[PDB]
RNA sequence: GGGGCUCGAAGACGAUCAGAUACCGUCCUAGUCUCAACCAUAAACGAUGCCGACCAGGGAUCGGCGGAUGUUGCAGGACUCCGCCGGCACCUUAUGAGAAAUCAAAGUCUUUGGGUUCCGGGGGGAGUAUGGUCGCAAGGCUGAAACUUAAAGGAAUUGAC
Ligand SMILES: [K+]
Ligand SMILES: [Mg+2]
Ligand SMILES: [Mg+2]
Ligand SMILES: [Mg+2]
Ligand SMILES: [Mg+2]
Ligand SMILES: [Mg+2]
Ligand SMILES: [Mg+2]
């Protein structure tokens with residue numbers, strides 16, 4: 001790792017930017033995503049933010065899904081998580 | 002005191018370096034050899050040199066020292082070239098490979114080397 | 002001429018630190034600057050432990066320890082040989098002895 | 002605060018050049034920075050450089066060829082006529098044989114020799130040699 | 001450099017480092033020059049070599065090894081290996 | 013020979029092991045780190061790095077001014093040979109300061125190339141070669157400065173097998189390049205390994 | 001105004017000393033604590049104004065976050081490993097700077113220009129005189145001149161002590 005003389009700033013390695021700060025990447029990108037949380041029962045289509053801040057509910061039993069924390073929302077053990085993307 | 006001047010130390014080292022063949026353990030033999038193999042003016046300087054040479058023969062009869070050379074083990078060469086076994090110490094089979102080295106051999110190297118092991 | 006990088010004390014990121022009093026002269030010295038030692042010793046020493054062993058009523062009595070954290074000002078510490086004056090290059094050596 | 006992005010760009014480029022780097026990154030980019038780099042490249046003091054669109058201000062990645070000794074801005078942007086160029090040449094440049102002063106004239110951003118050719122004046126952006 | 005006649009006027013033309021392009025001064029005693037020999041298809045040294053020069057600055061930096069390795073990888077492509 | 017044989021041999025000789033850490037150099041040579049913190053330095057790059065070193069050292073046809081140095085008392089045996097297999101000279105153990113700068117010293121000998129067992133151990137010859145335009149080749153490990161060494165082979169210098177096997181492999185390919193070793197096999201069964 | 005343990009300017013006494021209104025002992029007043037008001041100074045120091053960019057490496061640590069990990073008389077908490085941001089520092093080394101000590105900023109400075117505030121011009125007289133102004137006062141802020149002087153001073157070096 002002599003210095004950037006060996007790497008190319010234009011085409012940097014695709015995994016080293018998976019670890020840098022989002023602002024400090026070559027092009028700024030969010031670190032979050034949106035996920036459609038599926039409860040144990042029906043009504044499995046609700047969409048929630050990864051770094052959510054509001055305690056979302058469900059139409060059935062209000063089925064508390066996530067708790068807001070300092071980072072990613074604390075999903076419950078009973079709620080299944082899969083992610084939706086662009 | 003009884004410590005030896007650099008001159009007598011040096012001359013003792015040289016006479017042992019070039020005349021280790023015949024010189025013996027007794028002090029009087031050492032001095033009677035010194036008187037003709039080298040020119041020393043003071044008789045008591047010669048006695049000091051002979052006694053010092055005797056002391057270094059006592060030192061060397063147990064093992065080599067850091068002072069003298071020539072015939073460079075003590076008197077005979079060929080000490081370590083004879084340490085050549087009929088088989089090389091380096092084995093080629095099941096040669097000391099771990100998980101990360103297995104991942105390496107999955108990289109540019111060949112994962113089917115003869116010495117690959119699951120350790 | 003600045004003899005030491007830290008100024009002889011151990012203050013960074015703060016402005017005030019309460020003092021203590023030297024155990025020999027009772028001189029007010031900042032807590033971080035004072036030479037602090039922790040000495041732990043038997044109440045009775047080797048010449049005494051032998052004579053107190055048999056004098057003890059029961060053999061199961063372990064001899065009690067004593068622990069004391071003492072603080073010294075620079076003058077008292079130097080005069081009592083707690084810390085000596087070191088050479089210029091050895092001054093930076095913060096490694097404790099042994 | 003960032004009061005002159007041109008100074009930051011030139012200073013980062015010069016610092017990277019002194020350290021023997023082959024590429025340098027400039028952030029944020031701007032049109033005047035691009036024009037200054039274009040002049041420097043045309044005269045043959047740098048090489049390739051590419052602008053990266055980050056949708057906010059853009060970055061520049063510049064390829065160095067080791068030919069640039071010094072490059073730096075002049076602040077504030079003093080106004081120079083055609084008759085004063087010589088004087089500034091005697092101040093910012095090593096010798097009359099080479100070196101360049103960049104002027105932002107109303108005909109665009111150019112060097113001082115081109116300004117004398119077109120007989121136009123303006124403000125002084127920086128210099129490089 | 002060049003006179004109006006078109007002749008040399010300086011005593012000599014210096015070497016410049018093959019990594020950082022900065023020139024090598026006559027009193028630069030950390031500046032070195034390496035000849036890397038080439039081989040044939042069997043692996044026989046043929047008597048010809050590629051020459052590189054490194055200035056004292058790049059050596060003292062500690063990037064001499066990386067720069068020389070990169071230079072060799074780049075240069076061997078034209079002349080095969 | 014074929015790279016596979018040399019790679020498997022240095023695998024046997026444990027030349028791929030690193031240390032608990034590395035400097036900001038040699039990440040071009042490491043492969044990753046084990047969970048214990050050791051490094052697994054990629055022998056593949058080491059192979060053609062020492063191959064290019066061999067290309068370098070058979071280029072001057074006057075092997076007299078090539079001193080191999082070894083300050084550590086563990087690789088002295090390897091440096092003892094590689095000086096009569098080739099024409100290189102070799103100073104083992106102690107390197108008196110002034111042998112590259114003091115022209116009145118009895119041991120004054122200015123080379124055209126230096127070979128060093130480890131840049132950390134004998135740094136004094138490195139610093140002295142910096143004052144004479146002496147190109148330098150060393151077998152750097154992780155935690156070894158790149159300060160003046162010009163060609164650095166990423167190997168181990170703390171192992172009985174690593175040193176010795178590595179030196180023999182270098183000398184073997186150097187003799188191969190010189191042409192003395194026409195396509196054949198080893199006639200120098202491991203002797204340099206420590207007694 | 002209250003409180004007033006301990007310690008202790010002033011004061012007294014003992015001791016030492018050629019002398020001791022000092023250092024050492026003892027008893028102590030204002031003070032040390034608190035409430036309501038004044039003062040506006042410190043070696044108030046990192047003797048290093050604030051904002052911004054770049055330029056070597058390393059490990060430790062504090063706060064938050066992301067990932068992996070396999071133990072806890074118990075998802076989470078404690079511990080281990082990797083990474084990001086922010087902070088107090090530390091170690092090695094100049095290819096940098098500097099009169100040097102030394103400094104990773106005190107670097108990117110005759111190849112001199114990112115923005116901005118304050119502030120110095122040989123040593124004394126002197127932070128003095130006077131005027132102005134704030135304060136109950138002690139004092140604070142602003143602040144000269146005549147005259148005198150060839151050195152004063154900083155860092156490092158060798159001796160001597
Ligand atoms: K202290
Ligand atoms: Mg002093
Ligand atoms: Mg703070
Ligand atoms: Mg304070
Ligand atoms: Mg003040
Ligand atoms: Mg943490
Ligand atoms: Mg004055």
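Protein chains in written order, with the authors' numbering: chain Bb, 1 to 86; chain BR, 2 to 120; chain Ba, 2 to 99; chain BW, 2 to 130; chain BV, 1 to 81; chain BA, 13 to 207.
Each residue gets a CB set at the ideal place from its N, CA and C atoms; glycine is no exception.
Boundaries around residue 75 of chain BV are those of the alpha helix (DSSP H), 64-78, since no beta strand (DSSP E) includes it. Ranked by Cα distance from residue 43 of chain BA, the first of BR/118, BR/120, BR/112 and BR/108 is BR/108. For residue 22 of chain BV, the closest Cβ of chain BW is nearer than 8 Å. At a cut-off of 8 Å between beta-carbon atoms, residue 60 of chain BV makes no contact with chain BW. The C-beta of residue 86 of chain Bb comes no closer than 8 Å to any C-beta of chain BV.
Collapsing the DSSP output to three states places residue 104 of chain BA in a strand. According to DSSP, residue pairing for residue 67 of chain Ba in a beta bridge involves Ba/42. Of the candidates BW/23, BW/29, BW/124 and BW/73, the residue whose Cα lies closest to the Cα of residue 3 of chain BW is BW/29. For residue 16 of chain Ba, the shortest separation between its Cβ and any heavy atom of ligand 4 lies below 7 Å. Boundaries of the alpha helix (DSSP H) around residue 117 of chain BW: 113-119. Taking 8 Å as the threshold, the shortest C-beta distance from residue 2 of chain Bb to chain BW does not fall below it.
Contact between residue 32 of chain BV and residue 146 of chain BA holds: CB atoms are separated by about 7 Å, below the 8 Å threshold. No Cβ-Cβ contact shorter than 8 Å links residue 26 of chain BW with residue 3 of chain Bb. Around the C-beta of residue 116 of chain BW, 16 or more other C-beta atoms lie within 10 Å, and the residue is accordingly described as buried. Per DSSP, the unbroken alpha helix (DSSP H) holding residue 38 of chain BR starts and ends at 28-38.
Taking the Cα of residue 191 of chain BA as reference, the smallest distance to any Cα among BA/22, BA/109, BA/37 and BA/98 is reached at BA/98. One thing to note: residue 75 of chain BW has its Cβ within 8 Å of the Cβ of residue 127 of chain BW. Around the Cβ of residue 35 of chain Bb, a 10 Å sphere holds 16 or more other Cβ atoms; the residue is buried. Taking CB atoms only, residue 5 of chain Bb has a neighbour in chain BV less than 8 Å away. Each of Bb/41, Bb/71, Bb/70 and Bb/37 was checked against the Cα of residue 56 of chain Bb, and the nearest Cα belongs to Bb/37. For residue 49 of chain Bb, there is no enclosing alpha helix (DSSP H); the residue is part of the beta strand (DSSP E) that begins and ends at 47-49. Secondary structure in the segment 26-68 of chain BW: the alpha helix (DSSP H) runs of 4 residues or longer, each lying completely within the stretch, are 32-43 in chain order. Going by DSSP, residue 80 of chain Ba is part of the alpha helix (DSSP H) stretching over 75-80. The shortest CA-to-CA distance from residue 19 of chain BV to any of BW/96, BW/15, BW/67 and BW/17 is the one to BW/67.
At least one CB atom of chain BR sits nearer than 8 Å to the CB of residue 52 of chain BA. Exclusion of the five residues before and after residue 49 of chain BW leaves 64 as the residues of its chain whose Cβ lies within less than 6 Å of its Cβ.
For residue 64 of chain Ba, the number of other beta carbons within 10 angstroms of its own is below 16, and it is reported as exposed. Neighbours of residue 107 of chain BR in chain BA, taken as residues whose beta carbon is under 9 Å from its own, are absent, since the nearest beta carbon is some 11 Å off. Think of a sphere of 7 Å around the beta carbon of residue 9 of chain Bb: the chain BW residues whose beta carbon falls inside it are 24, 26 and 62, in chain order. Annotation for residue 99 of chain BW: no alpha helix (DSSP H) segment contains it, and DSSP assigns it neither H nor E. If you ignore the 5 residues before and after residue 117 of chain BA, its C-beta comes within less than 7 Å of the C-beta of 110 and 111, all in its own chain and listed in chain order. Going by beta carbons, residue 206 of chain BA and residue 172 of chain BA fall inside the 8 Å limit. Under DSSP, residue 127 of chain BW takes part in a beta bridge, and its partners are BW/74 and BW/103. If you check the C-beta of residue 2 of chain Ba against ligand 2, you find a heavy atom less than 7 Å away.
When only Cα atoms are considered, residue 80 of chain Bb and residue 29 of chain Bb end up about 26 Å apart.
Nearest neighbour of residue 45 of chain BR by Cα position, chosen from BR/104, BR/93 and BR/9, turns out to be BR/9.
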